[PDB]
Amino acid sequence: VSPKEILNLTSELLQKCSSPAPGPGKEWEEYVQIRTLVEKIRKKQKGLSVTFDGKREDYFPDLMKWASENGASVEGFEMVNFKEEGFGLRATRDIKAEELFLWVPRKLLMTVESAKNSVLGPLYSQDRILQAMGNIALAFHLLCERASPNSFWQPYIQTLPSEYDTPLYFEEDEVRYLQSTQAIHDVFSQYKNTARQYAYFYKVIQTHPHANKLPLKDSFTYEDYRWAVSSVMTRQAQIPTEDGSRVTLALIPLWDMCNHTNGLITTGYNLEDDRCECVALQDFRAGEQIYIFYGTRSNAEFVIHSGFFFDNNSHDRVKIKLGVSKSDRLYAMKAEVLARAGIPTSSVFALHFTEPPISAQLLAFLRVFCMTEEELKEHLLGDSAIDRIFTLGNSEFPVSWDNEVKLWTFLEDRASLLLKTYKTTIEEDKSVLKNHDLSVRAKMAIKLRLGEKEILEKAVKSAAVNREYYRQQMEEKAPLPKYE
């Protein structure tokens, strides 16, 4: 209730969220403690500082008029509230593939550069965090303009969602589904970053004289900051500056109403006309939702940064950490072969769900990881050594039949070991999804943990098929393919 009480609570939140990492076995405990302090602050505040009287669809007409007055495309589509994705664009005429149907001039964008020239500018010029991280700078730009009734971007801000499905909005028990996964550490980090940043900037805005003119000084709630960073992370894009020599982060009105489907990037920046341009990803008949391809992200990144889980994401993947051990008697040769191949001795690789399960770099690493001393020598010495290194990432040219049997054996065993570190099985997750009635957010968490295991299980199965294939080649003593 009291301004002094909020100051004390934010000071405590700042100290808590600035402490070092407690160790992976204590990150859940720290997460709940941070949540407890955040929810105590949030329940003593009044939600979003600025709210609007109308419904969301009441403001899209003004968004169109504003965009039209500044040279954007406003014909051929309409805004529709779709159940699956929320609001999106629907075609009102047939749109052919590769047709330029959407363009947005730079003047409509909210950018780090427009953040500098705004009321936030003076604080930006002094505070080191804002200068180093344009995404946070974008979030405060968005909040400041939201709190400014005469802002040029009011038609855009009034049509933004009021809530998101980033993990910042999850209940404790919805995040608890993610325990023992790879994704949950990033959920922890996002919550700790956001809480730290809110507390830091709350204290800055209240005392730093360069924030004297900020509209946020009257009211700056945790809900404000959660909304602003979720708005930015689910919608921001990278574009070039007007000159084209640097890049910057931006919010792109109208275009950012398109929801996601599998495909290719069809949005580019036109520097000569200074506008964002989007060509149709596929044919869209009148009455069909207009989709774009957001980018080649994993489902962990879609959930955590984009606020949704995407079924049949063809680019999904999980991390796998591998390294040559310094206690290997062949460490020095293996490290040198990898170095000549441009591969580190230790790294985090990816496993993919689509074919093939492992990339050229991971294949090259696994081959060297399993090489005998005589194979390593042939990759280090003589007039063919460079040629041998060049084909290390190529599935068609193995080092030896036994080298392939060994690396696929190791991978099968490693992916099976990783599968055993999860708190549930694939069969159990599928039963929960079938026999429990769940919120959207809980389903996102369960499908994310299920998706991790399904990638691991498919790597297990593909490695076993590869192992048995190359074992047959070894038994038959078949001739090794040679590159020419």
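Heads up: residue numbers just count along the shown sequence, starting at 1.
Chemist: Identify the stretch, either 105-113 or 172-180, whose C-alpha atoms have the larger mean B-factor according to the entry.
Modeler: Mean C-alpha B-factor is greater for 105-113.
Chemist: Which wins on mean Cα temperature factor, 40-48 or 441-449?
Modeler: Per the PDB record, 40-48.
Chemist: Specify which of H379, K203, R367, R235 carries the largest Cα B factor in the deposited PDB entry.
Modeler: Among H379, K203, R367, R235, the PDB entry lists the largest C-alpha B-factor for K203.
Chemist: Between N193, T267, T207, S230, which one tops the list for C-alpha B-factor in the PDB entry?
Modeler: That would be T207.
Chemist: Using only modelled residues of the chain, where does the Cα B factor of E85 rank: lowest third, middle third or highest third?
Modeler: It belongs to the lowest third of the chain when residues are ordered by C-alpha B-factor.
Chemist: Taking the values exactly as deposited, rank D165 by C-alpha B-factor within its chain and report the matching third: lowest, middle or highest.
Modeler: For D165, the deposited C-alpha B-factor lands in the lowest third.
Chemist: Could you tell me which third, lowest, middle or highest, the C-alpha B-factor of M333 occupies within its chain?
Modeler: CA B-factor rank for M333: middle third.
Chemist: Test of reading the entry: by CA B factor among the chain's modelled residues, which third contains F188?
Modeler: As the PDB entry reports it, the C-alpha B-factor of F188 lands in the lowest third of its chain.
Chemist: For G287, does the deposited CA B-factor place it in the lowest, middle or highest third of the chain?
Modeler: Lowest third - that is where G287 ends up once the chain's C-alpha B-factors are sorted.
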